[PDB]
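Next come the chains, spelled out residue by residue.
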Amino acid sequence: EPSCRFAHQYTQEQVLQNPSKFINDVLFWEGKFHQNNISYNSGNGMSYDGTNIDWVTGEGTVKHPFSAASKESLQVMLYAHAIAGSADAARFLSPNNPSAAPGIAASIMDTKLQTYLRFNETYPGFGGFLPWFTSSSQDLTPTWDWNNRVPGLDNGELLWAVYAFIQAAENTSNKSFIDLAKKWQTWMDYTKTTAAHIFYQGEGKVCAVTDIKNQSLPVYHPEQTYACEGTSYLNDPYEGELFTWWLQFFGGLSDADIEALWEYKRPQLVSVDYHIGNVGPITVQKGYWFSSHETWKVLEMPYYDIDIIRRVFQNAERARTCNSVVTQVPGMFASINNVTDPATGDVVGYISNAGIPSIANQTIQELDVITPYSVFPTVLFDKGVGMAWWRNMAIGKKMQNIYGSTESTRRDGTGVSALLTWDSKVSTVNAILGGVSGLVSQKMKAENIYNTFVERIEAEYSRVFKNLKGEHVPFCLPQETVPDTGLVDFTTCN
Ligand SMILES: *[C@@H]1O[C@H](CO)[C@@H](O[C@@H]2O[C@H](CO)[C@@H](O)[C@H](O)[C@H]2NC(C)=O)[C@H](O)[C@H]1NC(C)=O
Ligand SMILES: OC[C@H]1O[C@@H](O[C@@H]2[C@@H](O)[C@H](O)[C@@H](CO)O[C@@H]2O)[C@H](O)[C@@H](O)[C@@H]1O
Ligand SMILES: *[C@@H]1O[C@H](CO)[C@@H](O)[C@H](O)[C@H]1NC(C)=O
Ligand SMILES: *[C@@H]1O[C@H](CO)[C@@H](O)[C@H](O)[C@H]1NC(C)=O
Ligand SMILES: *[C@@H]1O[C@H](CO)[C@@H](O)[C@H](O)[C@H]1NC(C)=O
Ligand SMILES: OC[C@H]1O[C@@H](O)[C@H](O)[C@@H](O)[C@@H]1O
C-alpha cells in the first residue's frame, strides 16, 4: 500500500504515462478522510464539513461540527458508486476488503436517512430540505445563522445525488439495498411536493435562500410563510441550476413557469473569450469567479451528453490549465478556506472569490491561495492532466496528510490551510469516479425526463455558444512548483 507522501514518489511524466496507477494511490489516502470524527458522525450517519489537523503532526484535532446538503451530496455520490460495486469507490471506502464497500455505504445511508427523518419531524417547516446544520449530536439542529433559512443550491446538489444513489442501489438487485433505496425514494419524493411552495416566487424567480416564518410549523400550517431572502435568485448556470431542474421536472410548475425559469436565467448564460499573452482566444462560459466549484452540476446530470456543452466545458479546462501557466501559478483556483495561523490553529477566513477574473462576472478576486480540488473539472476531461496539476499542488510542503490531500496552500508556499473538507477533497474523488451523471441519466430515461433535459439544455447552450474559438489549444501542464520557504511536512506524512 502506498506511502503517505506518495505525490513526490512519482515524476510528472510518470503520472501522464500511467494516470490509473497514480489515481489508485490518491483514492487510498483520500479514503482515510472517511472516518468518524474526521468527515462524518457514525452515530447519525451525517457529514461534518471536515476537521482541522495539527500544524506539526497533521493529525485530526478540531472537527467542524456543522455541514450542509452540499457536503451530503459529495458523500451520497461516493456511496452511489460504492453500493454499485465500483472498484475505485472500494479502494476509497474499503481498500483491504473491497467486498465490504457496498455494505458500508448501505449501513451509513440507512443511519443517515433515520437522522434526516428525525430532523423533518422536529423541523417540518423545512419541507424535507436541509439548512446548514450541526451534526455533532445524535439529532440535527440548524446552525444558529440558519434557523428559519434554507438554501436552494445545496439542496439541488443533494437531491440529484440521492436520485443517483437510488438508481445505484436498485441496479444491484440486492433486496435490502432495494428496500433502502425505496425509503430514500420516499424522502426524495416528499421534497417534490414542497419545492415550488418553498422556493418558487414566480415569473422564473427561485430563492437562493428562503426565509421560513417558523421552522417548527408544518409547511402548510395556516401561519407558515416562505419568502425569498432579499433579491438573490438561482438564476445562473452554476451549481444552482441543479435546483432549477428539480422544480421543472418535479415541482408541478405550469409550462409558462418552466419557460419563465429559462427566460429569467438567460442573461446569466454568457459567451466570453479568455485571452492573455500567447494563450487564446478560448471561448468559455463566463463564470461567477470562474472558481472550479461553479462546474459542480456536470457531476450530477448528463450535461456532457450534449456535444456543444461538452465542447464549451472542455474549453473551460484549456483556459483553466493554460491560465495558470501563462500567469505562472503552480496550481489552479477555487473557493477555499484560507491558511491556518500556526499560533492559534485557526483558519484565518474563507476565500470565495478565487478563480479567473478576465472570464468572470466578479473581477475582484484573491489569487494568493490555490487548492487541489481546482482540478476536479479537468479530471472529467483528462485524468492525467488533472492528476498532474493535483500532484504539483500536493507536493507543496504540508499538502499531503494521513487523510489524503490538504485543503490549500499559498501559491508562494509561505502558508497552508491545515484543514480537511469534503469540498476540497471528495469533489476530486467524485470526478475520478466519473460523477453520477450516468446513474442519473439511466433513471431520467426510465422516468422519461431525459429527452426534455437534452432538448432544453442543448437549446439554451447552442443559442449562446456559436463559432467557438480556441478548441485547438491543448491542455497545459504545470510549469512552476510550489516554492519551499521553510514549511515542514506533517510529522505523520513525510
Ligand atoms: C487570507 O489570509 C491572508 C494572510 O495570510 C490575508 O492577507 C492579509 O490581509 C491582511 C489584513 O487585511 C493584510 O494586512 C496582509 O498584508 C495580508 N497578507 C498577505 C500575506 O497577503 C487575506 O486577506 C486572507 N483572506 C481571507 C478572505 O481571509
Ligand atoms: O449562502 C447560500 C449558499 O451560497 C452558496 O454560494 C453560491 C456559490 O456556490 C455560487 O457559485 C455563486 C454563483 O451562483 O453564488 C453563491 O455565492 C454556497 O455555495 C452554499 O453553500 C450556501 O448555502
Ligand atoms: C416530513 O414530516 C411531515 C410533517 O411531519 C410529514 O407529512 C412528511 O411525510 C415527512 N416526510 C417524510 C419524507 O417522511
Ligand atoms: C415557533 O413555533 C413553535 C411551535 O408552535 C413555538 O413554540 C415558538 O414559540 C414559535 N417561535 C416563534 C419565534 O414564534
Ligand atoms: C454580472 O451579472 C449580472 C447578472 O446577469 C449582470 O447584469 C452584470 O452586468 C454582470 N457584470 C459583469 C461585470 O459582467
Ligand atoms: O464547505 C466549505 C466551506 O464553506 C464555507 O462557506 C464555510 O464558511 C466554511 O466553514 C467551509 O469549510
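Above this text is the structure in question.
Criteria and cut-off values
Residues numbered from 1 in each chain as written, not as in the entry; some residues may be left out. Chains lettered and ligands numbered in written order. Heavy atoms only, no water. Helix = DSSP H or I, 4+ residues; strand = E, 2+ residues; numbered from the N terminus. Rg over C-alpha atoms; globule rule 2.2 N^0.38 Å. Buried < 20%, exposed > 50% of the residue type's maximum accessible area, 1.4 Å probe, protein only. Contact = heavy atoms within 4.5 Å. Near = heavy atom within 4 Å. Polar contact = N/O pair within 3.5 Å; in protein donor to acceptor, adjacent residues only side chain to side chain. Areas by Shrake-Rupley, 256 points an atom, 1.4 Å probe, with all protein chains shown as cover. Nonpolar A, V, L, I, M, F, W, Y, C, P; charged D, E, K, R; others polar. Pairing = 2+ DSSP bridges. Axes fitted to C-alpha atoms, helices over the stretch in contact; angles between N-to-C directions. Disulfide = S-S within 2.5 Å. Expected span 1.5 Å × (residues − 1). Salt bridge = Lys/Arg side-chain N within 4 Å of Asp/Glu carboxyl O. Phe/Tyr/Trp six-rings, centres within 6.5 Å; stacked < 30°, edge-to-face > 60°.

(A) Looking closely at the overall build of the protein chain. Along the protein chain, the regular secondary structure elements total 15 helices and 24 strands. Scaling as 2.2 N^0.38, a compact globule of 494 residues should have a C-alpha radius of gyration of about 23 Å, and the protein chain matches this with 22 Å. Expressed along its principal axes, the backbone C-alpha trace of the protein chain runs to roughly 65 × 55 × 45 Å. Counting only residues that meet the buried cut, the protein chain has 61% of its 494 residues in that class. In the protein chain, the share of contacts with a sequence separation of at least 24, taken over all contacts with a separation of at least 6, comes to 73%.

(B) Geometry of the site of ligand 2. Looking at ligand 2, there are 13 residues lining it, with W132, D154, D236, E239 and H293 nearest. Residue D154 places a side-chain N or O atom 2.6 Å away from an oxygen atom belonging to ligand 2. The side chain of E239 places a nitrogen or oxygen atom 2.5 Å from an oxygen atom of ligand 2. Coverage of ligand 2 by the protein amounts to 69% of the 490 Å² it exposes when considered alone. Of the residues belonging to the shell around ligand 2, the class tally is eight nonpolar, one polar and four charged.

(C) Examining the sheet that holds strand β11 (residues 209-212) more closely. Spatial ordering of the open sheet is given by β8-β11-β12, a layout of three strands whose pairing is antiparallel. On the outer flanks of this sheet lie β8 (149-151) and β12 (226-228), each paired with one strand and no other. For this sheet, the mean angle separating the axes of adjacent strands, direction not counted, is 30 degrees. In the sheet, β11 pairs with β12 via three bridges, with the strands oriented antiparallel. Directly across from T210, in β12, lies its bridge partner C228.

(D) Local environment of the state of the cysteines. Under the defined criterion, the tally for this structure stands at three disulfides. In this model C207 forms its disulfide with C228; the gap between the sulfur atoms is 2.0 Å. Negative torsions about the S-S bond denote left-handed disulfides, and the value of about -70 degrees found for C207 with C228 makes this one left-handed. Highlighted residues: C207 in the loop between β10 (205-206) and β11 and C228 in strand β12, separated in sequence by 21 residues. The residues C207 and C228 share a single accessibility class, namely buried. Disulfide pairing places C322 opposite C476 at an S-S distance of 2.1 Å.

(E) Region of the structure containing the environment of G384. Looking at the secondary structure, you find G384 in helix α12 (residues 383-394). Along the chain, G384 and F22 lie 362 residues apart, while their C-alpha atoms are 9.0 Å from each other. Apart from residues lying up to four places away in sequence, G384 is in contact with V15, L16 and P19.

(F) The site of ligand 3, seen in detail. Taken together, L117, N120, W187 and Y190 are the residues near ligand 3. Coverage of ligand 3 by the protein amounts to 56% of the 360 Å² it exposes when considered alone. Among the residues making up the shell around ligand 3, the classes are represented as three nonpolar, one polar and no charged.

(G) Helix α6 (residues 152-171), seen in detail. Taking 1.5 Å as the rise per residue, α6 with 20 residues should run 28 Å; its terminal C-alpha atoms sit 29 Å apart, in good agreement. For α6, the tally of buried residues reaches 17 of 20 residues, placing the bulk of the element in the interior. Once α6 ends, the next one or two residues include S173, with phi positive near 60 degrees.

(H) Layout of the pattern of salt bridges. Within this structure, the stated rule accounts for 20 salt bridges. Overlapping salt bridges bring together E259, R266, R456 and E460 as one network.

(I) Expanded view of the packing of aromatic side chains. Applying the stated rule across the entire model yields 35 aromatic pairs. Note on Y163 and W246: the rings are 6.5 Å apart at their centroids and 85 degrees apart in plane angle, and the pair reads as edge-to-face. Remark: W246 occurs in helix α8 (residues 241-250) and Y163 occurs in helix α6; sequence separation between them is 83 residues. Comparing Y163 with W246 shows no difference in burial state: the two are buried. Summarising the aromatic geometry, the rings of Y304 and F381 are spaced 5.0 Å apart at their centres and angled 40 degrees between planes, so their arrangement reads as tilted. Of this pair, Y304 sits in the loop between β14 (279-285) and α10 (307-326) while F381 sits in helix α11 (residues 376-381), and the two are 77 residues apart along the sequence. On the basis of relative accessible area, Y304 is assigned to the buried category, the value being 18%. Given the relative accessible area of 23%, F381 is considered partly exposed. Through a chain of ring-to-ring contacts, the aromatic side chains of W160, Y163, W245, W246, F249, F250, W262, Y303 and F453 assemble into a single cluster.

Honestly, it's all geometry; don't read function into it.
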